[PDB]
Structure formats: structure tokens, C-alpha cells
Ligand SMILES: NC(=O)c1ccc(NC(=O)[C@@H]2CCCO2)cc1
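Just the one chain here, laid out as C-alpha cells, in the form solved without this ligand.
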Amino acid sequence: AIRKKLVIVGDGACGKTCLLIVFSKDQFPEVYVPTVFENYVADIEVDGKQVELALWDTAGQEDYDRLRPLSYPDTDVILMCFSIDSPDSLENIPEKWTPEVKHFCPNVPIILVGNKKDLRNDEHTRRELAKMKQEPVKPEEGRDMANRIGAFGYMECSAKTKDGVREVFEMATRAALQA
């Protein structure tokens, strides 16, 4: 098996920690949802190729511009996350997260991931966002942002229900394997 490194980036409320927890356990924890994620090395076989995929979170590093880049050396694939219940998290993608990742991880594929897709049809979410003249992120808004920033692709998932989680990490593995 070949070893590859994945790092997830995004705002504090984007759901990146929960996404790594749910993938690494293949389960949304029923008793206790961890506050933090240390690291994990997943055994993944995608399109007949075996990979050891090391997983890392940048949660807690958002306010520390000299500590945060220490997470980037030798990254093979970036998951760049935003929450579908937060159009504000999508707005910070192009001029904050994208120039940083392009600088520290040149030529590394970026997959833009819309997290918490289950909240797109949540009535409480729609009511709260409508108070700030907002609505949940539409799929075309996610795809257009991914297209604009030069992302390898656009994907959505829900850590809560596990829908789309396996597909995100299998695609990230394929991206990490490309020349």
C-alpha cells in the first residue's frame, strides 16, 4: 500500500472535525461525540489500488497564522469544507482559504465539500437564516464556487446520516494518487 496524506481546512463551524470522526469510525457516535480529532490512518482500496490515507484536522488552528501552516507539508489532497447551513462559511472560501492552500500546497488537488447537507431541508435552519436574509447553500452555488477556485471537484455529505461520507474519502484517495 502507498502512503498518502489528507488535510481538511475550513472555518470553525464547517463540520470538518465531525466528518473525520464519522469516517474513521464508520459511525456517527451514539453515546459521545468527541470534541477533537488527533489523527488516523485509514486503509482504503479505490479502483483496485490500496492506500494508507493519513487524516489530519486543522480545527483550533484558525486564529494562529504561523502554527496553522505547519499542518501542510507533504499534503497529497486537501478537503476544503464549508457548511450548507452557513452561506458565510462559503463566502470565506475564495479569498482566505484558497490563496493559503495554493501557496503552501502548490499543485495539490482541492476537493470543495459542502458539509451538513441534511440541513438544506431543516425548518429550524431555514427560519434562522431567513432572519439574516439568507438561505441554505444551493448545489449550484457550491459547484460554481468549486469551479471558480480551481477545485478538482465538488462533493456534498452529511456526517449526521453518513450519506456521502465514504464517497468523499474514496474520491480524495483517487485525487491523491493522480500525477
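Note that residue numbering follows the sequence shown and begins at 1. Note that the rigid core is defined as the largest set of C-alphas that superpose within 1.5 Å between two forms. Only residues modelled in both forms are compared.
There is another form of this protein, the form solved in complex with this ligand, and it is not shown here; the text below is about that form.
| So in the bound PDB entry, does any heavy atom of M155 sit within 4.5 Å of this ligand? | Taking the distances in the bound PDB entry, the answer for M155 is no, it never comes within 4.5 Å of this ligand.
| query | Is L129 close to this ligand in the bound PDB entry, meaning a heavy atom pair under 4.5 Å apart or at it? | reply | The answer is no: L129 has no heavy atom within 4.5 Å of this ligand.
| query | Should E123 be classed as touching this ligand in the bound PDB entry when contacts are defined as heavy atoms within 4.5 Å? | reply | It does not: once this ligand is placed as it appears in the bound PDB entry, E123 has no heavy atom within 4.5 Å of it.
| said: Going through 137-176, which residues have a heavy atom within 4.5 Å of this ligand in the bound PDB entry? Please give them in sequence order. | reply: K162, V165, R166, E170, in sequence order.
| said: If I superpose on the rigid core and flag every C-alpha moving 2 Å or more, which consecutive runs of 3+ residues come out between this form and the one not shown, in sequence order? | reply: 26-28 is the only stretch that shifts between this form and the one not shown.
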